[PDB]
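First the structure, in the form of structure tokens, and then the observations on it.
Cβ atoms come from the backbone with ideal geometry, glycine included; neighbour counts cover every protein chain shown. Every number in this text was worked out from the coordinates using simple rules, so none of it is lab data.
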Amino acid sequence: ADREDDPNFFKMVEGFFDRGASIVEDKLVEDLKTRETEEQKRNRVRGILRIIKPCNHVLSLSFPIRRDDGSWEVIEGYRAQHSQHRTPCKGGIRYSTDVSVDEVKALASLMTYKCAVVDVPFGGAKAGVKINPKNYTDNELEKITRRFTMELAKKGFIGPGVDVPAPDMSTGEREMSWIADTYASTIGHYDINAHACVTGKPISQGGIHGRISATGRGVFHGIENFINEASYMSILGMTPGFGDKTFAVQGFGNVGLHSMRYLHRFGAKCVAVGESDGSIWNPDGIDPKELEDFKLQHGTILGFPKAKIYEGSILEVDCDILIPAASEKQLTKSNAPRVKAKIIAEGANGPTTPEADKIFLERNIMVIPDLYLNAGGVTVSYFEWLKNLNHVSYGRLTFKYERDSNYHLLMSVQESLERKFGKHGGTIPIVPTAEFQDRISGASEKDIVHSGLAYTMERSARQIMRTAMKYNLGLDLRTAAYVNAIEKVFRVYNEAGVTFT
Amino acid sequence: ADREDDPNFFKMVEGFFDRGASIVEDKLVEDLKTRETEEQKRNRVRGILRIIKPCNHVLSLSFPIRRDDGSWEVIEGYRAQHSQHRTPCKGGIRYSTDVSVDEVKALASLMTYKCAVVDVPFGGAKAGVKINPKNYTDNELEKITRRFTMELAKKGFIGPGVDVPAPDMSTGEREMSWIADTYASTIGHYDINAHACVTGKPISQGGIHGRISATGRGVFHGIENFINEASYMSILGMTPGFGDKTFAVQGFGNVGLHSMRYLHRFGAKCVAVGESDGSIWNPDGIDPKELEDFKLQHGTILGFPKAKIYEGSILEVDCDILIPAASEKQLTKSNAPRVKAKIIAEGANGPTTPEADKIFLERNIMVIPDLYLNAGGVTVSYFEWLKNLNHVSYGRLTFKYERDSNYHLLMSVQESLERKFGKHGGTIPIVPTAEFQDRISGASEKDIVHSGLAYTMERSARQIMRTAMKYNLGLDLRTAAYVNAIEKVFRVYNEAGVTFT
Amino acid sequence: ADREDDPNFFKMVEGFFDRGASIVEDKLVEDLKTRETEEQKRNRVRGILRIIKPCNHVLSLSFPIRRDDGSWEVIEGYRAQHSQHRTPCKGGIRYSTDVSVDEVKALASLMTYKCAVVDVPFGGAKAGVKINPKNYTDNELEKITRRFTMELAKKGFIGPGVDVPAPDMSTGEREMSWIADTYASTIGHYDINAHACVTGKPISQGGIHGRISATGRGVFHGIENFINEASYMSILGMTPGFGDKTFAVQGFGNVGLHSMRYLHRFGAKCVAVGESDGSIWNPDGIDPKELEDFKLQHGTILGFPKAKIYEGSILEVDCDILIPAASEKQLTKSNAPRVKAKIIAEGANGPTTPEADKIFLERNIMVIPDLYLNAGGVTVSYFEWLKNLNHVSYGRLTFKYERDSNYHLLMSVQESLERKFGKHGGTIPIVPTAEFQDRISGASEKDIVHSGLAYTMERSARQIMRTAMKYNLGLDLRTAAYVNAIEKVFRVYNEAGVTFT
Ligand SMILES: NC(=O)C1=CN([C@@H]2O[C@H](COP(=O)(O)OP(=O)(O)OC[C@H]3O[C@@H](n4cnc5c(N)ncnc54)[C@H](O)[C@@H]3O)[C@@H](O)[C@H]2O)C=CC1
Ligand SMILES: NC(=O)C1=CN([C@@H]2O[C@H](COP(=O)(O)OP(=O)(O)OC[C@H]3O[C@@H](n4cnc5c(N)ncnc54)[C@H](O)[C@@H]3O)[C@@H](O)[C@H]2O)C=CC1
Ligand SMILES: NC(=O)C1=CN([C@@H]2O[C@H](COP(=O)(O)OP(=O)(O)OC[C@H]3O[C@@H](n4cnc5c(N)ncnc54)[C@H](O)[C@@H]3O)[C@@H](O)[C@H]2O)C=CC1
Ligand SMILES: NC(=O)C1=CN([C@@H]2O[C@H](COP(=O)(O)OP(=O)(O)OC[C@H]3O[C@@H](n4cnc5c(N)ncnc54)[C@H](O)[C@@H]3O)[C@@H](O)[C@H]2O)C=CC1
Ligand SMILES: NC(=O)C1=CN([C@@H]2O[C@H](COP(=O)(O)OP(=O)(O)OC[C@H]3O[C@@H](n4cnc5c(N)ncnc54)[C@H](O)[C@@H]3O)[C@@H](O)[C@H]2O)C=CC1
Ligand SMILES: NC(=O)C1=CN([C@@H]2O[C@H](COP(=O)(O)OP(=O)(O)OC[C@H]3O[C@@H](n4cnc5c(N)ncnc54)[C@H](O)[C@@H]3O)[C@@H](O)[C@H]2O)C=CC1
Ligand SMILES: Nc1nc2c(ncn2[C@@H]2O[C@H](COP(=O)(O)OP(=O)(O)OP(=O)(O)O)[C@@H](O)[C@H]2O)c(=O)[nH]1
Ligand SMILES: Nc1nc2c(ncn2[C@@H]2O[C@H](COP(=O)(O)OP(=O)(O)OP(=O)(O)O)[C@@H](O)[C@H]2O)c(=O)[nH]1
Ligand SMILES: Nc1nc2c(ncn2[C@@H]2O[C@H](COP(=O)(O)OP(=O)(O)OP(=O)(O)O)[C@@H](O)[C@H]2O)c(=O)[nH]1
Ligand SMILES: N[C@@H](CCC(=O)O)C(=O)O
Ligand SMILES: N[C@@H](CCC(=O)O)C(=O)O
Ligand SMILES: N[C@@H](CCC(=O)O)C(=O)O
């Protein structure tokens, strides 16, 4: 944590909201079409906005575990539900000591708008268990998450139609596998959609292909849709395309390692990788498979053979693209001036504070907002959810038919040409290309996740680029996204009676 | 209400049934394949029909509401469930003072067969609140519908697997939005499919695209599949096609305004529009998107600038196509002789009495039965229901695949032709037509509703036509449909053990 | 609120706990009699205590309500569940702007121990809606409490087997009547014990007789069982009995008005009555009937004809018995020295801060702790709960039999005496006393509440006086009660496996 700029997390995000609130407030009043045409529209609007911002529910939990050494310990744990204009709430579970109600109240709100950015029909939620996970044995961490699932389940803070958790900092597949198993074996025992109570699950447990990457893949697609738009690259003095760029990732977690993977593939170079014990550095480039193989073996990126330890801030590393994939409030009024990079891809949830945004705005530094960029996590989870509702491995019922249908479709183009060009004209083979033999049978689960994600990271980037052009926000994409989110979320409340009253 | 021919509504529809009962009774005994082959196939057919006819359940409600002026008023309200061979029951909620148990017992039965016509897997239900809706403020109407939802929910007359209401006379999106919200926030709180308890919902609440039109769109498709079949147009002395026809709609509601829009588009020309205060007239033609703009501004069609006020019965207006989109029992023994028109498109539920059919039959006037023609309402609702069960905006998971798949499919026809015609023969662009660029990504929700509706108005007309031919009913399409309905509904009961026993 | 001594409410009560924790900790280790006889008895004890004090659950609610002026307002509202070693949780709903999570987290904990004092089998809960109740119309307050009931019900914070609210500051019968009706008409629709979800209900809604008084009656019994124990009155230099005492109540609510009535009856004299706008005074005595009749007419005690607008603090009024029946943290490090009274009857929840206790301890001033004294509220509620479970007006099934049975019992003592004293001895009437003709039919609901309450305000004062003698706490009755509470609550956790594990 910084000290000059350590603003309250929930209020920080409220700040981003209130900015977007004013910018559409005019429009919201204008398409509102009611017979109370006045400032009655504006105060109805202002009221509905005042309903949106604050979380609807926060549950606070002091529950006992018995540690491995026979002793008793009390665990603090929270889960804020921000909005519910879309049931079920969505949002991850975070294991940290940083965990605090305001931090979960903040992340939950982010999940509300984050889903509105990428048109996932979930209300925002989040949750923290206030433990250093590296200080508990795996059997302790199991007892902890299972128990946390119960106490959440009993008070209605996890359920396939109510609230669907997912992984986050220091939680992953393993934790999610537990959360399902408790609720499948206990309270959700008769629930057919039980297993749909939580995403990020291991594939064998009902998870969806590529969800672990997903968030980092979406990070790729997000940087891409902009870095291939010279209208913005003209404003950063940078060339369109990944081919020649250099980047740096703070954090090497599920968002870091895979944001590094998907860029080091589709073009650019990794220069430096951070972690909560220090960074490594190499301007020549760092291979993600080597580094990961070194973090698996030795549990730290420090001392990488092919990369010098970097003395100094990872955020300040000279590069093209800065990807904070760590915790929040990392780039602040004091170090934001020194960032000597040109694209900020917020992988992490709110890693940049509003005072860093004003510096980055001035310094013509493009911050790709947290709302849009890591929405790949929720999006693939949103798929994982529909998978557990449709109870089928995607693609299975149809494969051998949009297959045979295609081969018959092709055989029509063929017979029709032969039918016209007689025998003499020859026989005219109509045959799938190489990049159509791989789709000849249609959508597999792998593919849907990719294109389904690819679509809406591309789809929702335009919706932002539209709005940044429209209201003339330029490189203030963060306000551009909150403008879209605030509008979509409002769209529900307005056409609803707003409350059962 | 007429005086000479005001038959009991439920018995009226029973009349239509009993007619269809006899006509298939032979067939039903015929494919019955049991070894009790006698005329006790007949009596267990005659028993199963006797089970179908009468409603299974009717709930009668005297519930208090406090009005706006602090005072108390008791509200009468009914919901008959006709059959349940398909759970969940389906059928709308009607707000009128005409509302009476017989009238709801009648409409409910209609919904049973109506769904059997267009192969929607719902049992028939309906409901009335016995209020003049203009005489209550919107806040009164809210507390009325919400309370009515409760008392229906508690006694098991609304639930996604039990009974799914929808709009009807003097109810629409707004009411449906309330019905969902109460049951979502109250009794259905844990129900994942809660919002699937009621159709006609606003799009933002889980509704489906085009449901408000839908019923009137289906009215278009219904008239079409017949008016484009000279085999019937030879029998009316009329030319195939919409291009030159003139019509008149009694009622300007959801069924009227949209039956007018979809015909005034796809050809014919509105001559006169009725309402519960009088009709307007103009042989030259009436534009729906002037008249609607006049009804929105001024709350009445009367005094339309481009149409004088018409001087007599709207049903008697000289025209080609008469579309009653009002309440029931409108064309009777007494005014049926003077209907000066050639095609009767029953948009409303049972607007023509059996004695009017006897005249229209004689007078070679084609009545397109209520069962078939307005089944667009239930059909799109049936879609709205599946949408709330599948929890996805249709088309989303696949768009960028049957897109990329098609572009690759095309690229196969291309490469294969080039692969045969060398560099000699050029490069052969294979490129979607204009029409096909709009489908290149596949089914959106807009499209599915259209084609999904278009298909079954077209699949079910040509189940009626090839029963009216079969048992030689000619222009008695009403008996033709009830013959289909009675058969499909039978089939369930026959293959079932018929009851818990 | 004071400034010098305004300690955190939760932590304040934790302070009272930690005191009691140490004092029994030895005993708890002592009768523990496990294999692991060590300081492992002590650390499993210290662990179980660490599980007890922190609340198990807190739910935080921002829910909207339409105000009367059509506008929207968001309502903050919380409900902490402290412990659950006894389901269902019990504890009131408080309407104030003082409402804050720490204040509800504090009161909830108090309810845990308060029930343990008077052997009510409920875990501690509490709840606040953060509104000034003056500032909302009754129709607003209805749509506020009903909505608050829903959001509490949905997340599992009200239910006959889960959590049973009750009235508190600025809530009473009316609010409780609403809470029942919503949950009876909505979520608890099929619940047979639905109306047992909340106590303090109006008699007609399932309430129990004397519950409104109850808390103030118990305040009488509590002062009594001590003021009639010269062993403590020798230590205050005061005479045993009520006959000659004088007393002052801060607050005139349900706890004030009825603590004043029950003492002004059974002996002593009211000298001064406080309220959030000032106090009245009269050393000669104040009649509760006249005052109440003044407050009903004029909505304030100020300007009482037979009593003097008192300059200065009500708490400092010269008297024998000071009854704070207001909000908490009223007697602090700064005004506690000035209290020139001798018995402090904590009617309100925690009206005295731990630094005031130190002074009062020194100044030999007997503080009758909040745990014990106002436990009449929960006790009669606990009865109201059992009444809604037994679904009978108490006494009904038996009246005409312990009646006829006693008249026959009497007739046996008679016939047996006559049988021995022949005719030479007369006829010997055996006849109930006047004080037995009123019990001749046995327990009515009125009586059970009285004696059922009377008993356990005795039976539990005894258990405190036992323990204050035992561990030699003298006039530290507060620590004496927490000692008893901590012990009873512990014996559940000890004999339990302590958790899901
Ligand atoms: N609330 C419900 O009715 C429940 C049903 N579902 C289903 O999930 C799907 C929801 O997708 P839709 O929002 O209807 O389609 P959509 O994203 O294409 O938007 C269609 C309409 O919903 C609003 N909207 C647009 N974007 C939105 C966004 N990110 N968040 C909230 N509202 C937005 C707008 O009013 C728009 O007119 C549907 O299939 C729904 O039936 C899922 C949970 C509960
Ligand atoms: N797992 C997922 O699917 C999703 C995670 N996110 C978000 O990305 C951010 C991090 O998430 P993950 O990558 O999954 O966490 P992670 O727990 O998998 O990885 C964190 C690693 O980076 C290090 N680290 C943590 N904080 C640091 C800090 N301030 N400075 C330097 N190093 C630090 C830690 O040593 C740790 O080893 C959060 O904002 C999270 O909400 C984004 C969407 C989905
Ligand atoms: N316990 C669960 O969650 C299961 C129920 N479903 C639902 O669909 C989703 C999972 O899709 P799948 O049908 O599993 O995809 P799938 O047919 O492509 O195979 C699933 C994965 O688990 C393995 N697997 C395949 N068949 C299995 C079987 N009968 N039993 C156990 N493991 C098997 C496979 O090796 C594969 O990697 C989940 O969300 C789930 O709710 C279907 C299977 C898993
Ligand atoms: N909305 C739907 O889902 C469908 C409705 N229907 C039926 O169509 C009819 C119309 O109802 P909706 O269009 O749904 O809503 P609606 O209530 O808005 O339509 C009513 C229209 O008919 C007028 N009207 C009432 N009584 C009249 C009378 N004696 N003479 C002339 N006009 C009169 C009304 O003033 C208004 O113009 C109903 O009978 C309904 O059962 C049939 C299937 C689908
Ligand atoms: N409702 C119940 O059954 C019982 C209530 N309590 C506690 O007793 C106290 C209040 O009794 P209530 O039930 O609330 O009846 P109440 O809410 O009607 O009493 C409040 C009265 O005291 C006044 N008041 C409030 N704050 C004051 C302050 N700082 N100074 C002077 N006057 C003030 C109010 O204006 C009002 O006249 C609270 O601490 C309550 O939690 C505990 C035992 C039983
Ligand atoms: N299940 C329910 O919601 C209703 C039935 N009950 C149940 O019984 C218990 C309450 O005992 P009670 O019989 O009400 O005490 P109760 O019978 O002594 O009522 C008090 C007086 O009011 C009159 N009274 C008697 N029964 C009445 C009734 N059913 N309704 C209105 N006035 C009546 C009588 O003259 C009686 O003397 C509660 O547990 C409750 O569950 C009482 C309230 C509503
Ligand atoms: N954590 C981690 N995951 C990997 C690594 N390499 C591949 N994956 C994962 O492998 C999964 C499936 O991989 P593939 O079958 O090769 O298909 P892919 O989706 O094209 O592989 P990637 O693009 O790297 O995701 C994806 O979810 C990736 O996240 C790695 O080095 N570390
Ligand atoms: N009331 C009313 N609604 C309209 C009108 N025109 C379009 N709509 C709305 O538009 C919806 C479908 O419109 P489109 O998306 O434009 O589809 P289209 O193929 O271009 O043609 P239509 O469906 O006839 O409008 C309808 O369900 C209506 O909600 C109109 O003139 N009056
Ligand atoms: N708020 C309020 N409650 C009252 C008042 N008078 C009576 N009550 C309630 O009604 C009950 C009936 O009281 P009583 O006539 O005294 O008979 P009781 O129940 O045996 O009480 P005791 O005679 O004192 O033992 C009381 O105990 C109170 O709970 C009053 O003036 N104000
Ligand atoms: N925790 C991730 C993913 C949440 C989810 O997939 O539901 C996020 O906040 O974006
Ligand atoms: N009320 C319309 C619609 C019914 C429905 O969509 O459920 C009808 O009777 O056809
Ligand atoms: N609110 C009162 C009464 C609680 C109850 O009766 O449940 C108290 O805290 O003691």
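Need one number: convex hull volume per residue for chain C, Cα atoms only, in Å³. Please report the intermediate quantities before stating the final value.
Numbers: hull volume 98.2 nm³, N = 501.
Given the Cα convex hull of chain C, per-residue volume reads 196 Å³.
Distances from B:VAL498 to the same position in the other copies: list them in nm, one decimal, shortest first, using label points 7 Å from Cα along Cα→Cβ.
5.7, 6.7
Across 5 Å bins from the origin, how do the percents of Cα pairs in region B:378-501 run, short distances first?
Per 5 Å bin, starting at zero, the Cα-Cα P(r) for region B:378-501 comes out as 2, 9, 11, 11, 11, 12, 10, 10, 9, 7, 4, 3, 2, 1, 0, 0 percent.
In terms of modelled amide H atoms, which long-range or inter-chain residues lie less than 5 Å from the amide H of A:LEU331?
A:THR352, A:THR353
Among DSSP beta bridges whose residues both lie in region B:57-205, state the antiparallel percentage, nearest 5. Walk me through the intermediate numbers first.
Details: 16 of 22 bridges.
Roughly 75 percent of the beta bridges in region B:57-205 run antiparallel, per DSSP.
Please give the net charge around B:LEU477, taking every other residue with its beta carbon less than 11 angstrom from that of B:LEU477, where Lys and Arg add +1 and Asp and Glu add -1. The partial results should precede the final answer.
Numbers: positive: B:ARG478; negative: B:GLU346, B:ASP357, B:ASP370, B:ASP476.
Summing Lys and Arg as +1 and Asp and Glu as -1 gives -3.
Once the label point is set 7 Å along the Cα-to-beta-carbon vector, what list of distances in nm do you get between B:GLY237 and its counterparts in the other copies?
For B:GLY237, the inter-copy label distances come out at 8.7, 12.2 nm.
With the alpha-carbon atoms as the only input, what is the per residue convex hull volume for region A:57-205 in Å³?
Numbers: hull volume 15.2 nm³, N = 149.
Given the Cα convex hull of region A:57-205, per-residue volume reads 102 Å³.
Please find, among residues of chain A, the one with the beta carbon closest to the rotation axis relating it to chain B, distance in whole Å.
Here the value is A:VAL413, 3.
What is chain C's relative contact order, in percent, from Cα pairs under 8 angstrom and six or more apart in sequence? Walk me through the numbers before you get to the answer.
On the way: 980 pairs, mean separation 78.8, N = 501.
In percent, rounded to a whole number, it is 16.
Any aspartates and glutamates with Cα under 13 Å of the C:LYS245 Cα? List them, leaving off those in the same chain fewer than 8 positions away.
C:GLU224, C:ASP284, C:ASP318, C:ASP320
For chain A, what does the helix formula give at 222 nm: sum of -39500 (n - 2.57) over DSSP H segments with n ≥ 4, over the residue count, nearest 500 deg cm²/dmol? Mind dumping the intermediate values first?
Numbers: 16 runs with 229 residues, N = 501.
For chain A, the value works out to -15000 deg cm²/dmol.
Distances in nm, one decimal, shortest first, from B:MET411 to the same residue in every other copy, taking the label point 7 angstrom along Cα→Cβ.
Copy-to-copy label distances at B:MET411, shortest first: 2.5, 10.6 nm.
How large is ³J(HN,Hα) for each residue in region A:200-217, as worked out from phi by the Karplus curve 6.51 cos²θ - 1.76 cosθ + 1.60 (θ = phi - 60°), to whole Hz, x for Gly and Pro?
Karplus values, whole Hz, x for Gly and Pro: x, 5, x, 3, 5, 9, x, x, 10, 4, x, 5, 5, 5, 4, 4, x, 4.
Students often get this wrong, so check it: of B:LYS53/B:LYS126; A:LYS53/A:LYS126; B:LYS201/B:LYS446; A:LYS33/B:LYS269; B:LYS154/B:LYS201; B:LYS53/B:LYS358, which have C-alpha atoms separated by over 19 Å? Each step should come with its number before you reach the end.
On the way: B:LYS53/B:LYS126 15 Å; A:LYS53/A:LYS126 15 Å; B:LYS201/B:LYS446 15 Å; A:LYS33/B:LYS269 30 Å; B:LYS154/B:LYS201 21 Å; B:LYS53/B:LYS358 22 Å.
Violating the 19 Å limit, Cα to Cα: A:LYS33/B:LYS269; B:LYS154/B:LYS201; B:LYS53/B:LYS358.
Quick check for me: using +1 on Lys/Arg Cβ and -1 on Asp/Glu Cβ, what's the dipole size of the protein assembly as shown about its Cα centre, in debye to the nearest 20?
Values: 189 positive and 192 negative charges, 452 e Å.
The dipole magnitude comes to about 2180 debye.
Return the sequence-ordered ³J(HN,Hα) values of region B:89-102 in whole Hz as given by the Karplus equation 6.51 cos²θ - 1.76 cosθ + 1.60 applied to θ = phi - 60°, using x for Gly and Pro.
So the J values, rounded to whole Hz, are 4, 10, x, x, 10, 10, 9, 7, 7, 4, 3, 7, 4, 4.
Please compute the Cα-Cα pair-distance distribution of the protein assembly as shown with 20 Å bins starting at 0, giving whole percents from short to long.
8, 28, 32, 22, 8, 2, 0, 0
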